[PDB]
Amino acid sequence: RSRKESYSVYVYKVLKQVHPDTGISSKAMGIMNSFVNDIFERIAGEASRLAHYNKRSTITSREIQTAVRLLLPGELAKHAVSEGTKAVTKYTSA
Amino acid sequence: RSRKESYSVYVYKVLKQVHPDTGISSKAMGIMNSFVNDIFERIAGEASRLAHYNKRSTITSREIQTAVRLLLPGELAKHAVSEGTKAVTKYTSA
Amino acid sequence: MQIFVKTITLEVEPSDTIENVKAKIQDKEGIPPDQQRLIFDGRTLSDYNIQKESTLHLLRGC
Amino acid sequence: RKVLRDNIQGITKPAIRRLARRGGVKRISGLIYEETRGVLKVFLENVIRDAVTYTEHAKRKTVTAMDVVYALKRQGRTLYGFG
Amino acid sequence: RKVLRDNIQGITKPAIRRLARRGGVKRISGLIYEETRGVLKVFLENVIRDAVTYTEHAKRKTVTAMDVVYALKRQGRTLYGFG
Amino acid sequence: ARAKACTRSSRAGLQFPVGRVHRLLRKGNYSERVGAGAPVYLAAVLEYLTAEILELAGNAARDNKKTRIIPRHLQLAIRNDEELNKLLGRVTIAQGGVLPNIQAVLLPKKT
Amino acid sequence: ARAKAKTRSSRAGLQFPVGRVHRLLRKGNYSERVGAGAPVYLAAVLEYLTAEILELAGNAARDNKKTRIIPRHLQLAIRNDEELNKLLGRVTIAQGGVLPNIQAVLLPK
Amino acid sequence: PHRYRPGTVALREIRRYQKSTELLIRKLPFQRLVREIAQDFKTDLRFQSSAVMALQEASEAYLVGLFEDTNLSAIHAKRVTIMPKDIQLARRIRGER
Amino acid sequence: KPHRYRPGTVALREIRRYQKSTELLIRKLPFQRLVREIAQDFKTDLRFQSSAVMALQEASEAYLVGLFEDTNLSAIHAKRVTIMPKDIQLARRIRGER
Amino acid sequence: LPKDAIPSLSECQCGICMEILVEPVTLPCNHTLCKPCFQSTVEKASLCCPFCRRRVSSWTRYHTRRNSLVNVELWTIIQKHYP
Amino acid sequence: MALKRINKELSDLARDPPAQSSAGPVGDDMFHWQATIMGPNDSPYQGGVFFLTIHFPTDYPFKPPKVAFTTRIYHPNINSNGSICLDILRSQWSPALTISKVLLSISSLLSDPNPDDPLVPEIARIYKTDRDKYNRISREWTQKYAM
DNA sequence: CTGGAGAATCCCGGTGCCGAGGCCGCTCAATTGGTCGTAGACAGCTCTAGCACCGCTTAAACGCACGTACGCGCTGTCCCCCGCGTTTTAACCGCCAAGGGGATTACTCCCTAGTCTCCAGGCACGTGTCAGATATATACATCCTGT
DNA sequence: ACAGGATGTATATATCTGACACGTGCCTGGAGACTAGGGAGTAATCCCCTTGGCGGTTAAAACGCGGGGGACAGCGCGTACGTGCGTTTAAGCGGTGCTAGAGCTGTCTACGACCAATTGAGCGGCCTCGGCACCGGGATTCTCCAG
Ligand SMILES: [Zn+2]
Ligand SMILES: [Zn+2]
């Protein structure tokens, strides 16, 4: 009875936000879960290396900005940074 | 006045144990240091991922054996495992 | 006197409680009075012994 | 406990031909049906030798999907859809 | 403030020829030089972009050797001899 | 009385679980300590990437006159967009197929 | 006044610093806790690999009638051995040059 | 009777197989090959059906990519017929040999 | 009498020459100018360590030599000895750079 | 088409800033707004369409690389009949 | 510059005044406004008239305004400070809506409190547990302060 | 196919320089000895899934004939690239000088780890209906041989 | 180019079904309040390496000219591979049956973090000479044109 976790609920919510009337197959949901895990590991590993290179001991949004800039290409990285900073600003505003 | 570390002394000791009458350039020593750090990082990164995959929290020689088997190819891996096991046996003897 | 909040300077003399300072902050900027707190309501500035040019800090709002 | 080596011939000439057809190949010379199955076993050996050592490190007897996924990932061939 | 441009011609035709000769190239067409200019510019743009990001993350105006080493290492072309 | 529970994701206006991301970060042995804004930033980035993939996937599905996204649609969405293709160049999608393209030399031609 | 200090590398009869490797492991954010034999095994492996590379490089140097190993000798040693070449196929060595070879078609005949 | 001139059936097969996503290799012989290959690293091993499917997916994708590269090599050699020279060249350039 | 070698004969000798030396083949001053010119487009008035510029040159030259090996192999595969820009494109495309 | 060939001021004004359309950008949802309002509201709030909530992120990234954002036809039409 | 949009919105509001609610600047500052609303019919707040405050941030219409109650009221989704927990003010903000819609939404929340995300836990508990008690207490406080 | 000139390459020797190698503080990071909590080793029990088998259908593999298009060789052209000499340019080296910025130390303070308590959001489990698959009979586009 | 015949191929309609979108119970992981402490921001200072400049030498780049060999188009020939048709054969399905091993829980203990006290191994500095670069000169080889 080990309860396992995934991102299916959040993926479904985002899908409903983008296309209000489109479903997703069960096998496609697993692919989305693998994609989410892979990107999470890439970004977290890059941030850890940045923090170790700069003799720090904390991973902050400053490190994740740089990690996103390194990993994502071009305009995708620009939009991702724009999205991340906006969310951090809103979070700190409350 | 930062005290920085490398492996130059140990590289020189191994070089004198292998070819007792051979010199090594300063730049070659830097290459050996870079190689040593690169291999160390490869093995440690593989062992950490193995420990995370198998739900452990302790990196032991058991994980390092498998990391070496995954990284080094063929005969090199076999010889490295043979070398490592003997050293661990001798260390545990005393 | 002068009062610093950590920023609109300066504010009331040592004569108005926290509630009036928060109301004036809301009037001058739009930030809610109760949001979020004051770090350094019914308390005053002299009660905390707040001198001029003191550095203040200004949760519930969701 | 008796698997012979004939299974390499299991990958048939029509199977390789339709794989190439998906790959966009117009016509195929006759010597390819041996070169491709030579390549495929080399690829599979590399992947399986990494899956089996993962299973050994886990002290298991069966090869799980995550073992193959990890073996592929460490070769820069990440695969989605199995975990 | 010392804006400069048109440095791509600094990679001279004899220099490209010398690189190709080390590569083991006997005869060279006339159109190789411009395309080599383009390829080298693309590669340097991709490396310096990451090097500068590494530098400005640490908040300093000087691009160090370790930054270039990391930028190369993260592109799968690890380079030895610089710490 | 203490307070009502508002999720950090709701604070940031996100959909991905900020708390879960924080737990994964601080349990993944990435650094000794984790900043406060790091999970907020990471969750937003992940949500943006998933939304970007899903928009194209849904467009491909509706171009195929179907209402459920299948891995074929994900593959078609990924391999068409240049940015996502370069991001996921070394990724194989199960049941994904390939992008239909034929070299112009092989097409028949004469009179 | 307790006992004479013996390094763990001397206990295992190694050359690389077992203590330094152990410190690097636990300060490297690789896992929460580190087993006792892990630095011993890792140091043994690194010492063996360095010995292999140095042996090949010294052979290459004496084939070039020199006494000091230079990056050219390391490149020649690495590229000739198939195992090391595959191990370091993605590695660029400064001042290394390339292995001398010319395709047979280009040779005059 | 009727007779398609050579090449047209190949083109229609290309269009057909580039539109579908099915596994192109027979499952049972592929499983037998996998079990034969793995039987030397360790004896009496066991496999999950999901693991075998993952292996087959990866192998088919790798072969399709290899063929995509080897077709461009043959076209560059001013031919339309693939031959093992092209496979060798593609493997060599991709750093696999 | 004006003594001349046959075309390609000096090409082979200089191939043997440059495959034995380990010096940098590009001129350092124009290479540094190019590196600074490229870096102008990310941050202004940047400063470089001389070791960093050397590392960039060392990486770039090795990359170009590796590219030339493959583009020579492609030209040979096409049954000719003169490398042409289509060969470089084929090599980069097979390697996955494009 | 905007509409139209003669966009009377009520239509020639931006749907948000209500000023004269300066470099209008036509969204995939066929909504027309000036370059300032667009370049503000894109990264300002939610990357969505203020009018019909349409996601435009893929369209925006598609057009930004090619610099195809500004509706050249309507932007030229406005210059012919309006300042 | 948000001044053009603020003035245009005020001009339209003057062109189409509301029925039960009213607002506008109460001075030369277009950023600071006061809103006056009446208790919607068939509500415990019916009869009372509520006064609201407005502080426009300098990015309108691309940012939500700072609006709260200046009239003490009994509502779950409203705190003792008069703040209003509403999506169009927090998340559902869009530059393409008018202030009249905001006031209508406020009146709707007055008629339809949301105890899922309240501002006072006790008021939400009363609203969920005893609707009649909530209707009585809201009416009593409307009479005490809003009247 | 067999020789001589010449150009390049290789080889040996005398010379001078500077970087490899060794020595010496000396300090700080490794070692040693305890203690204490707990992660993991190991036994035990359950039941899921993997392996083994059989039988019937039939789709897919296999084998054979043919002839056509494609690979490969040959030949001639010619034009573009190589070898070389002369002229030009700027890389390179040595040197001096200014200072901007990288590299330390102190301090303080604010941000994050840790603990505790509470509850709801996400997970495991049903469930019924509809998106999609399959069949069949269409229209309709496509190829191919003859004209 | 053209037309008709044969052949795939897209389309519309009908019907089944099982996979998903939904709902419910629940529990444990996330949120809230709190305290404590050290990681890091900030300031200040020092000096080292970067940048900029200049003049002189000369190695390298640019240009040019001739000619030759190689890329390329063309052509002819043979063969081997695609296309089709008929004849095997295991893949596939389905069903049943068994049990090995995966997965879980419960203990308990050996082991690794932690901290305090001690010292010597490695880092820095400081040399010194010898391996290597260089310069010249003779000896060997390799190419190419006449024969
Ligand atoms: Zn506008
Ligand atoms: Zn719209």
# chains A, B, ... in the order shown; residues from 1 in each chain; ligands from 1
>>> closest_atom_pairs(of="region 54-117 of chain L", to="region 15-35 of chain M", cutoff="12 Å", atoms="only C-alpha atoms (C1' of nucleotides)", output="tab-separated table")
residue	atom	partner	partner_atom	distance
L:112	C1'	M:35	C1'	11.8
L:113	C1'	M:35	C1'	10.6
L:114	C1'	M:35	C1'	9.0
L:115	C1'	M:34	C1'	8.7
L:116	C1'	M:33	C1'	8.9
L:117	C1'	M:32	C1'	8.9
>>> write_last_selection(atoms="N, CA and C atoms (P, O5', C5', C4', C3', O3' and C1' of nucleotides)", output="PDB file, in the first residue's frame")
ATOM      1  P    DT L 112      15.720  31.869   2.457  1.00  0.00           P
ATOM      2  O5'  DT L 112      16.051  30.530   3.250  1.00  0.00           O
ATOM      3  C5'  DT L 112      17.391  30.114   3.376  1.00  0.00           C
ATOM      4  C4'  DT L 112      17.542  29.154   4.529  1.00  0.00           C
ATOM      5  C3'  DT L 112      16.562  27.981   4.512  1.00  0.00           C
ATOM      6  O3'  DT L 112      17.262  26.766   4.688  1.00  0.00           O
ATOM      7  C1'  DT L 112      16.575  29.023   6.621  1.00  0.00           C
ATOM      8  P    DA L 113      16.511  25.356   4.526  1.00  0.00           P
ATOM      9  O5'  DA L 113      16.832  24.604   5.894  1.00  0.00           O
ATOM     10  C5'  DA L 113      18.174  24.288   6.217  1.00  0.00           C
ATOM     11  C4'  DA L 113      18.308  23.897   7.677  1.00  0.00           C
ATOM     12  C3'  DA L 113      17.498  22.681   8.097  1.00  0.00           C
ATOM     13  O3'  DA L 113      18.250  21.885   8.988  1.00  0.00           O
ATOM     14  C1'  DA L 113      16.816  24.576   9.356  1.00  0.00           C
ATOM     15  P    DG L 114      17.809  20.368   9.264  1.00  0.00           P
ATOM     16  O5'  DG L 114      16.931  20.464  10.593  1.00  0.00           O
ATOM     17  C5'  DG L 114      17.500  20.994  11.777  1.00  0.00           C
ATOM     18  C4'  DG L 114      16.438  21.200  12.838  1.00  0.00           C
ATOM     19  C3'  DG L 114      15.377  20.102  12.903  1.00  0.00           C
ATOM     20  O3'  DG L 114      15.427  19.458  14.162  1.00  0.00           O
ATOM     21  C1'  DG L 114      14.402  22.281  12.989  1.00  0.00           C
ATOM     22  P    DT L 115      14.435  18.239  14.483  1.00  0.00           P
ATOM     23  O5'  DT L 115      13.171  18.950  15.145  1.00  0.00           O
ATOM     24  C5'  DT L 115      13.360  19.852  16.218  1.00  0.00           C
ATOM     25  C4'  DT L 115      12.036  20.200  16.863  1.00  0.00           C
ATOM     26  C3'  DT L 115      11.004  19.077  16.853  1.00  0.00           C
ATOM     27  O3'  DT L 115      10.388  18.987  18.129  1.00  0.00           O
ATOM     28  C1'  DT L 115      10.100  21.020  15.843  1.00  0.00           C
ATOM     29  P    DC L 116       9.247  17.893  18.413  1.00  0.00           P
ATOM     30  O5'  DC L 116       7.895  18.707  18.188  1.00  0.00           O
ATOM     31  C5'  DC L 116       7.798  20.043  18.656  1.00  0.00           C
ATOM     32  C4'  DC L 116       6.369  20.532  18.587  1.00  0.00           C
ATOM     33  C3'  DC L 116       5.321  19.431  18.516  1.00  0.00           C
ATOM     34  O3'  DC L 116       4.189  19.803  19.273  1.00  0.00           O
ATOM     35  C1'  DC L 116       5.156  20.805  16.600  1.00  0.00           C
ATOM     36  P    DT L 117       3.040  18.732  19.597  1.00  0.00           P
ATOM     37  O5'  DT L 117       1.772  19.321  18.836  1.00  0.00           O
ATOM     38  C5'  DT L 117       1.499  20.705  18.913  1.00  0.00           C
ATOM     39  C4'  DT L 117       0.496  21.109  17.858  1.00  0.00           C
ATOM     40  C3'  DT L 117      -0.632  20.106  17.632  1.00  0.00           C
ATOM     41  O3'  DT L 117      -1.861  20.791  17.546  1.00  0.00           O
ATOM     42  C1'  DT L 117       0.417  20.603  15.589  1.00  0.00           C
TER      43       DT L 117
END
>>> interface_residues(of="chain H", to="chain I", cutoff="6 Å", atoms="only C-alpha atoms", output="list in words")
residues 69, 77 and 94 of chain H
>>> write_last_selection(atoms="N, CA, C and O atoms", output="short mmCIF file (atom, residue, chain, number, x, y, z; two decimals), in the first residue's frame")
data_model
loop_
_atom_site.label_atom_id
_atom_site.label_comp_id
_atom_site.auth_asym_id
_atom_site.auth_seq_id
_atom_site.Cartn_x
_atom_site.Cartn_y
_atom_site.Cartn_z
N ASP H 69 20.30 8.52 -41.25
CA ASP H 69 21.63 9.05 -41.55
C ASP H 69 22.24 8.35 -42.76
O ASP H 69 22.83 9.00 -43.64
N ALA H 77 26.60 10.31 -51.86
CA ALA H 77 27.44 9.56 -52.77
C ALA H 77 26.83 9.42 -54.16
O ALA H 77 27.30 8.59 -54.95
N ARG H 94 29.22 9.35 -36.64
CA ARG H 94 28.54 9.54 -35.37
C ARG H 94 29.36 9.08 -34.18
O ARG H 94 28.83 9.01 -33.07
#
>>> calpha_fit_and_write(fixed="chain D", moving="chain E", output="short mmCIF file (atom, residue, chain, number, x, y, z; two decimals) with N, CA and C atoms, in the first residue's frame")
data_model
loop_
_atom_site.label_atom_id
_atom_site.label_comp_id
_atom_site.auth_asym_id
_atom_site.auth_seq_id
_atom_site.Cartn_x
_atom_site.Cartn_y
_atom_site.Cartn_z
N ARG E 1 19.30 -22.68 -18.46
CA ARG E 1 19.14 -24.12 -18.65
C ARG E 1 18.41 -24.40 -19.96
N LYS E 2 17.79 -23.36 -20.51
CA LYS E 2 17.06 -23.42 -21.77
C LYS E 2 17.87 -22.80 -22.90
N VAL E 3 19.17 -23.10 -22.93
CA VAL E 3 20.14 -22.50 -23.83
C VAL E 3 19.61 -22.43 -25.26
N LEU E 4 19.66 -21.24 -25.84
CA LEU E 4 19.22 -21.01 -27.21
C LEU E 4 20.24 -20.14 -27.93
N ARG E 5 20.25 -20.24 -29.25
CA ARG E 5 21.17 -19.47 -30.07
C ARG E 5 20.55 -19.26 -31.44
N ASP E 6 21.29 -18.58 -32.32
CA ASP E 6 20.88 -18.35 -33.70
C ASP E 6 19.54 -17.62 -33.76
N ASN E 7 19.32 -16.71 -32.82
CA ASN E 7 18.12 -15.89 -32.83
C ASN E 7 18.26 -14.64 -33.67
N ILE E 8 19.47 -14.34 -34.16
CA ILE E 8 19.68 -13.12 -34.92
C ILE E 8 18.92 -13.15 -36.24
N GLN E 9 18.67 -14.33 -36.80
CA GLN E 9 17.86 -14.42 -38.00
C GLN E 9 16.39 -14.14 -37.75
N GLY E 10 15.98 -14.04 -36.48
CA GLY E 10 14.62 -13.65 -36.19
C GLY E 10 14.28 -12.27 -36.70
N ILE E 11 15.29 -11.41 -36.83
CA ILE E 11 15.11 -10.10 -37.44
C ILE E 11 15.08 -10.33 -38.95
N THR E 12 13.88 -10.50 -39.49
CA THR E 12 13.74 -10.96 -40.86
C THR E 12 14.08 -9.85 -41.85
N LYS E 13 14.43 -10.28 -43.05
CA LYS E 13 14.67 -9.34 -44.14
C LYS E 13 13.50 -8.40 -44.38
N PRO E 14 12.24 -8.85 -44.44
CA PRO E 14 11.13 -7.89 -44.52
C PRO E 14 11.05 -6.95 -43.34
N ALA E 15 11.43 -7.39 -42.14
CA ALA E 15 11.42 -6.48 -41.00
C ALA E 15 12.45 -5.38 -41.16
N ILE E 16 13.66 -5.73 -41.59
CA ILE E 16 14.67 -4.72 -41.85
C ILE E 16 14.20 -3.78 -42.95
N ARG E 17 13.55 -4.33 -43.97
CA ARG E 17 13.02 -3.50 -45.04
C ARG E 17 11.98 -2.52 -44.52
N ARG E 18 11.10 -2.98 -43.64
CA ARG E 18 10.11 -2.09 -43.05
C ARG E 18 10.75 -1.00 -42.22
N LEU E 19 11.79 -1.32 -41.45
CA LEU E 19 12.49 -0.27 -40.72
C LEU E 19 13.10 0.76 -41.66
N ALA E 20 13.77 0.29 -42.71
CA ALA E 20 14.40 1.21 -43.64
C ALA E 20 13.37 2.07 -44.36
N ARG E 21 12.21 1.51 -44.68
CA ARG E 21 11.16 2.29 -45.30
C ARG E 21 10.67 3.41 -44.40
N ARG E 22 10.49 3.15 -43.10
CA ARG E 22 10.18 4.24 -42.20
C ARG E 22 11.32 5.24 -42.15
N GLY E 23 12.55 4.77 -42.25
CA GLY E 23 13.67 5.69 -42.31
C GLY E 23 13.69 6.58 -43.52
N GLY E 24 12.90 6.27 -44.54
CA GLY E 24 12.86 7.08 -45.74
C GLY E 24 13.83 6.60 -46.80
N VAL E 25 13.96 5.28 -46.92
CA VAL E 25 14.91 4.67 -47.84
C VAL E 25 14.13 4.06 -48.99
N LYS E 26 14.50 4.45 -50.21
CA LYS E 26 13.77 4.00 -51.39
C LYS E 26 14.24 2.63 -51.85
N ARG E 27 15.53 2.50 -52.13
CA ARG E 27 16.09 1.27 -52.68
C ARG E 27 17.18 0.75 -51.76
N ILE E 28 17.22 -0.57 -51.58
CA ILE E 28 18.08 -1.21 -50.59
C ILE E 28 18.95 -2.25 -51.27
N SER E 29 20.24 -2.23 -50.97
CA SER E 29 21.14 -3.24 -51.48
C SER E 29 20.99 -4.55 -50.71
N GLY E 30 21.55 -5.62 -51.28
CA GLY E 30 21.42 -6.92 -50.66
C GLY E 30 22.32 -7.13 -49.46
N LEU E 31 23.37 -6.34 -49.34
CA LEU E 31 24.31 -6.50 -48.25
C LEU E 31 23.92 -5.73 -47.00
N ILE E 32 22.82 -4.98 -47.05
CA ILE E 32 22.40 -4.20 -45.89
C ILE E 32 21.96 -5.09 -44.73
N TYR E 33 21.34 -6.23 -45.02
CA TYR E 33 20.66 -6.99 -43.98
C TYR E 33 21.65 -7.54 -42.96
N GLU E 34 22.74 -8.14 -43.43
CA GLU E 34 23.71 -8.71 -42.51
C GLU E 34 24.36 -7.64 -41.65
N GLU E 35 24.72 -6.51 -42.24
CA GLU E 35 25.35 -5.46 -41.46
C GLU E 35 24.38 -4.85 -40.47
N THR E 36 23.10 -4.76 -40.83
CA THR E 36 22.11 -4.30 -39.86
C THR E 36 21.97 -5.29 -38.71
N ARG E 37 22.01 -6.59 -39.01
CA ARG E 37 22.05 -7.58 -37.94
C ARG E 37 23.20 -7.29 -36.99
N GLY E 38 24.39 -7.07 -37.54
CA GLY E 38 25.54 -6.78 -36.70
C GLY E 38 25.39 -5.53 -35.86
N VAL E 39 24.90 -4.44 -36.47
CA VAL E 39 24.74 -3.19 -35.74
C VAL E 39 23.74 -3.34 -34.61
N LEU E 40 22.60 -3.98 -34.88
CA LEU E 40 21.61 -4.17 -33.84
C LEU E 40 22.14 -5.04 -32.72
N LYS E 41 22.88 -6.09 -33.06
CA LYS E 41 23.45 -6.93 -32.02
C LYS E 41 24.41 -6.14 -31.15
N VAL E 42 25.24 -5.29 -31.75
CA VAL E 42 26.16 -4.48 -30.95
C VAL E 42 25.40 -3.56 -30.02
N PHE E 43 24.37 -2.88 -30.53
CA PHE E 43 23.62 -1.95 -29.71
C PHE E 43 22.94 -2.66 -28.54
N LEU E 44 22.30 -3.79 -28.82
CA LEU E 44 21.64 -4.53 -27.75
C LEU E 44 22.63 -5.08 -26.74
N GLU E 45 23.80 -5.55 -27.19
CA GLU E 45 24.82 -5.97 -26.25
C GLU E 45 25.25 -4.84 -25.34
N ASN E 46 25.45 -3.64 -25.87
CA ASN E 46 25.85 -2.52 -25.04
C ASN E 46 24.76 -2.07 -24.07
N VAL E 47 23.49 -2.19 -24.43
CA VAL E 47 22.44 -1.76 -23.50
C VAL E 47 22.18 -2.82 -22.43
N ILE E 48 22.06 -4.08 -22.83
CA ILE E 48 21.73 -5.13 -21.87
C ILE E 48 22.84 -5.30 -20.85
N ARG E 49 24.09 -5.04 -21.24
CA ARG E 49 25.18 -5.18 -20.28
C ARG E 49 25.00 -4.24 -19.10
N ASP E 50 24.59 -3.00 -19.37
CA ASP E 50 24.35 -2.06 -18.28
C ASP E 50 23.06 -2.36 -17.55
N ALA E 51 22.03 -2.81 -18.27
CA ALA E 51 20.78 -3.15 -17.59
C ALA E 51 20.99 -4.28 -16.59
N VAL E 52 21.72 -5.32 -16.98
CA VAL E 52 21.96 -6.44 -16.09
C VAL E 52 22.81 -6.02 -14.90
N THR E 53 23.77 -5.13 -15.13
CA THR E 53 24.56 -4.61 -14.02
C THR E 53 23.69 -3.86 -13.03
N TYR E 54 22.79 -3.02 -13.53
CA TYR E 54 21.87 -2.34 -12.64
C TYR E 54 21.01 -3.32 -11.85
N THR E 55 20.53 -4.37 -12.51
CA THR E 55 19.70 -5.34 -11.80
C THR E 55 20.49 -6.06 -10.72
N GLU E 56 21.64 -6.62 -11.08
CA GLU E 56 22.39 -7.41 -10.12
C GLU E 56 23.02 -6.56 -9.03
N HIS E 57 23.12 -5.25 -9.22
CA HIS E 57 23.53 -4.41 -8.10
C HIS E 57 22.47 -4.39 -7.02
N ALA E 58 21.20 -4.42 -7.40
CA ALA E 58 20.11 -4.44 -6.44
C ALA E 58 19.81 -5.85 -5.95
N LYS E 59 20.54 -6.85 -6.44
CA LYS E 59 20.42 -8.23 -5.98
C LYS E 59 19.00 -8.77 -6.18
N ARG E 60 18.60 -8.83 -7.45
CA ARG E 60 17.38 -9.53 -7.82
C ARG E 60 17.57 -10.11 -9.21
N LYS E 61 16.83 -11.17 -9.50
CA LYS E 61 17.02 -11.93 -10.73
C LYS E 61 16.13 -11.44 -11.87
N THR E 62 15.36 -10.38 -11.66
CA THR E 62 14.40 -9.91 -12.65
C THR E 62 14.84 -8.56 -13.20
N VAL E 63 14.96 -8.47 -14.52
CA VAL E 63 15.31 -7.21 -15.17
C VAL E 63 14.04 -6.39 -15.32
N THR E 64 14.01 -5.22 -14.69
CA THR E 64 12.81 -4.41 -14.69
C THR E 64 12.90 -3.34 -15.77
N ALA E 65 11.80 -2.60 -15.95
CA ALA E 65 11.78 -1.54 -16.95
C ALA E 65 12.66 -0.38 -16.54
N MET E 66 12.69 -0.06 -15.25
CA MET E 66 13.51 1.06 -14.80
C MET E 66 14.99 0.80 -15.02
N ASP E 67 15.42 -0.45 -14.91
CA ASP E 67 16.81 -0.76 -15.20
C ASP E 67 17.16 -0.47 -16.65
N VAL E 68 16.29 -0.87 -17.58
CA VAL E 68 16.52 -0.56 -18.99
C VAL E 68 16.49 0.94 -19.22
N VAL E 69 15.57 1.64 -18.54
CA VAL E 69 15.49 3.08 -18.71
C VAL E 69 16.78 3.74 -18.26
N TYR E 70 17.32 3.32 -17.12
CA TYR E 70 18.59 3.88 -16.65
C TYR E 70 19.73 3.53 -17.59
N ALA E 71 19.76 2.30 -18.10
CA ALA E 71 20.83 1.90 -19.00
C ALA E 71 20.81 2.73 -20.28
N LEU E 72 19.62 3.02 -20.80
CA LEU E 72 19.52 3.90 -21.95
C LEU E 72 19.87 5.34 -21.61
N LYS E 73 19.41 5.82 -20.45
CA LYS E 73 19.64 7.21 -20.09
C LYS E 73 21.12 7.49 -19.92
N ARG E 74 21.86 6.54 -19.36
CA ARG E 74 23.29 6.72 -19.19
C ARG E 74 24.06 6.59 -20.49
N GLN E 75 23.41 6.18 -21.58
CA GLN E 75 24.05 6.14 -22.88
C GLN E 75 23.65 7.31 -23.76
N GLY E 76 23.01 8.33 -23.19
CA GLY E 76 22.65 9.50 -23.96
C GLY E 76 21.48 9.32 -24.90
N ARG E 77 20.60 8.37 -24.62
CA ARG E 77 19.41 8.14 -25.43
C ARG E 77 18.19 7.97 -24.53
N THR E 78 17.97 8.95 -23.65
CA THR E 78 16.81 8.99 -22.77
C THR E 78 15.54 8.55 -23.49
N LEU E 79 14.75 7.73 -22.82
CA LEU E 79 13.52 7.18 -23.38
C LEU E 79 12.36 7.46 -22.44
N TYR E 80 11.27 7.99 -22.99
CA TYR E 80 10.09 8.33 -22.21
C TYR E 80 9.03 7.25 -22.36
N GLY E 81 8.09 7.24 -21.43
CA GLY E 81 6.96 6.34 -21.49
C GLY E 81 7.04 5.12 -20.61
N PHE E 82 8.02 5.03 -19.72
CA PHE E 82 8.14 3.85 -18.87
C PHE E 82 8.42 4.21 -17.42
N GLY E 83 8.20 5.45 -17.01
CA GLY E 83 8.44 5.86 -15.64
C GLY E 83 9.89 6.21 -15.37
#
>>> residues_near_ligand(ligand="ligand 1", cutoff="9 Å", atoms="only C-alpha atoms (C1' of nucleotides) and all ligand atoms", output="list in words")
residues 13, 14, 15, 16, 17, 18, 19, 20, 21, 22, 24, 33, 34, 35, 36, 37 and 38 of chain J
>>> residues_near_ligand(ligand="ligand 2", cutoff="7 Å", atoms="only C-alpha atoms (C1' of nucleotides) and all ligand atoms", output="PyMOL selection string")
chain J and resi 29-31+49-54
>>> residues_around(residues="residue 52 (chain H)", least_positions_apart="5", cutoff="8 Å", atoms="only C-alpha atoms (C1' of nucleotides)", output="count of residues only")
4
>>> atom_distance(atom1="CA of residue 42 (chain G)", atom2="CA of residue 46 (chain A)")
24.4 Å
>>> closest_residue(among="G:30, G:96, G:51, G:41", to="chain F", atoms="only C-alpha atoms")
G:30
>>> interface_residues(of="chain A", to="chain L", cutoff="9 Å", atoms="only C-alpha atoms (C1' of nucleotides)", output="short mmCIF file (atom, residue, chain, number, x, y, z; two decimals) with N, CA, C and O atoms, in the first residue's frame")
data_model
loop_
_atom_site.label_atom_id
_atom_site.label_comp_id
_atom_site.auth_asym_id
_atom_site.auth_seq_id
_atom_site.Cartn_x
_atom_site.Cartn_y
_atom_site.Cartn_z
N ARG A 1 0.82 -1.20 0.00
CA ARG A 1 0.00 0.00 0.00
C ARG A 1 0.86 1.26 0.00
O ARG A 1 0.50 2.27 0.60
N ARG A 3 2.04 4.55 -1.27
CA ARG A 3 1.44 5.60 -2.09
C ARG A 3 2.55 6.28 -2.89
O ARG A 3 3.49 6.83 -2.32
N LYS A 4 2.44 6.23 -4.21
CA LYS A 4 3.40 6.86 -5.10
C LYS A 4 2.83 8.17 -5.63
O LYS A 4 1.62 8.36 -5.71
N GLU A 5 3.74 9.06 -6.00
CA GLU A 5 3.38 10.41 -6.42
C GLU A 5 3.77 10.64 -7.87
O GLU A 5 4.74 10.07 -8.38
N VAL A 9 -2.14 15.11 -11.93
CA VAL A 9 -3.18 16.07 -11.59
C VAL A 9 -2.84 17.44 -12.16
O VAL A 9 -3.67 18.10 -12.80
#
